[PDB]
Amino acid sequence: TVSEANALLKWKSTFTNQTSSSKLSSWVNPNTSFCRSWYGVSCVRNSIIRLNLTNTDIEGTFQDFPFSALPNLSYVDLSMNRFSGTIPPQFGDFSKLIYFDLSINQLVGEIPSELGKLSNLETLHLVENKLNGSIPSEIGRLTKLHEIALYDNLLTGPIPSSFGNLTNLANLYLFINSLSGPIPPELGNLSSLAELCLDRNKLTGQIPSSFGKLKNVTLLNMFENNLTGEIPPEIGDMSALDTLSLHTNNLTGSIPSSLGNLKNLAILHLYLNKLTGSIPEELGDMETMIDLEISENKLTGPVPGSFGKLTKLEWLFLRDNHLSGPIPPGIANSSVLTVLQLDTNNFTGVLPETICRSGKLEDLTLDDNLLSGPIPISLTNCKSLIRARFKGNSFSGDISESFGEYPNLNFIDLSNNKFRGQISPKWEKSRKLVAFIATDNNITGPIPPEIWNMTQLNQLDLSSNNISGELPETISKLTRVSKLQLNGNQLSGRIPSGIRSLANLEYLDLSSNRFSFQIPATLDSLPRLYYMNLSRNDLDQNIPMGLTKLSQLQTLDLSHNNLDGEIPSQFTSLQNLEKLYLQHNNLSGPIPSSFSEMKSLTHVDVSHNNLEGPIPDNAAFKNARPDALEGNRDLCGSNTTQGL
């Protein structure tokens, strides 16, 4: 004891960057108080058996640790400190060691195989260090081990097959490492195992079929590895499983139907693999299933109708597969289903009547399927909707009757469908809606004025429709819109001056419309705008000087219009302007002597105008093709279509 206290004092004297306020100040009077007052020290029969210095700001190494002087250590917790260096082999000399924790330190080097001498060890914790090399196989000797935690290290090599000899192990945590090679099938001998976390490693090979003997494992995390082969059907024999995660691997073959035998399985993650074949209908017998994610695979065939038996199903992710056939009604029949991601598949037919039958669906994705028909009535009245994506289908019906009031709606995408009718003002009650995208539909009529009352709208895309009417000046109320796309419609009249007020506007496209008369002269107050496309309209008169004050403009397209007069010399204020399309207009005069000042100008078309004179000094005019510069009255000082 006095020798133990002296030995620990000499080790303490090697600590660096220490403070008088350290909790080790109590290490005084070794001859009297070692077993009564010393912080972290506890004794039996006046001999230290417990050294607990966790989170005491100790900075040092174990080189001068008094191994020989503390023979009776049974509990060592030196975690959450600033210990550096290696783990000396003499740590294996503490024959009575039961608990050993060096976690959350700055230790380096390999794990000494002498730890396999600690025959009484029940907990080994070495997490969150920089330990490298292979795990010693002699650790498999420690048959009293209840828990091994080596995660968040730099360990390499295979998991030792001796680990199968640890008949009392309950938890094996080896995640966040660089372990490699095949998983030893001897792990199937770990009959007491409850948690197997080998995720985030570089493990290869097949999942051992002996895993079917692990009847007590409730958590199997092996995701983010490089496992190959197919999921062995023996996995369906791990009856205690409630979480099975094999995602982000290179697994192939079919999903074994034996997974339906996992009556306690609540979480199944199989995504980001190369699984093929059909989804077994026996997967509908996973009665506890809450979170089923087998998205991002190559599964084919139809979704089984037995999915209606998954009464606890909350999240279903089937996106990015090759599933086909009609969507069976049981896929959305769960009363607690809140996420239903089916996009990027080959589903056909119409949506089932069960989609939002409980009024709890929040996330629905159906992008890029072959679906068609009407929106089901339970979807029209699904007030819990937060995101809904129908893009890339053949859905039909009156858009004013197919969609109700969605107060919790945040994002909706109806693009590339066959919706008809007029935009209803009901959308205005989606006070949380930040994006409304309905490109490429058969929407007709005017835009209801309530749409401009959506100050929270960030992105509004009604392009490639048959919308008509004149835009009112109340369009200025969209304070937070940054992407406005109304192009490809039959909107008529003047462009409203109120677009001035859309300060956050970055991307504005009013092209391919019937806008007439002059571009608003006041339109000069869009500091975030980098793209403006007013092409293919009926606009005329001079190009207004206000456009030259939108400094951040990168791309400007005023082509296919009836603008006249001269290109202003104030285009020099568009230093950021890269693309400038002015073709098919009635512009006149000289390209202003000032275009040299503009530098980022690479793609310019000024063809089919009445301009005359010489081309100015910058790339795009040198790099212009015949079509880019043709059709003007008097081109170039030396009448050139080729260089100078």
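The first residue of the sequence shown is number 1, and the count goes up from there.
- Across the two stretches, 77-85 and 238-246, the PDB entry reports the greater mean Cα temperature factor for 77-85.
- 516-524 and 93-101 differ in mean CA B-factor, and the higher of the two is recorded for 516-524.
- The top Cα temperature factor in the record, among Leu601, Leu53, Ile48, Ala69, falls on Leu601.
- Within the listed group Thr228, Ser306, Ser551, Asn120, the record reports its top CA B-factor for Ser551.
- Ranked by C-alpha B-factor against the other modelled residues of its chain, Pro329 falls in the middle third.
- The PDB entry assigns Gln456 a C-alpha temperature factor belonging to the highest third of its chain's modelled residues.
- Looking at the C-alpha B-factors along this chain, the one for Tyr530 belongs to the highest third.
- Sorting the modelled residues of the chain by their CA temperature factor places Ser559 in the highest third.
- Ranked against the other modelled residues of its chain, the C-alpha B-factor of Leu508 as given in the entry falls in the middle third.
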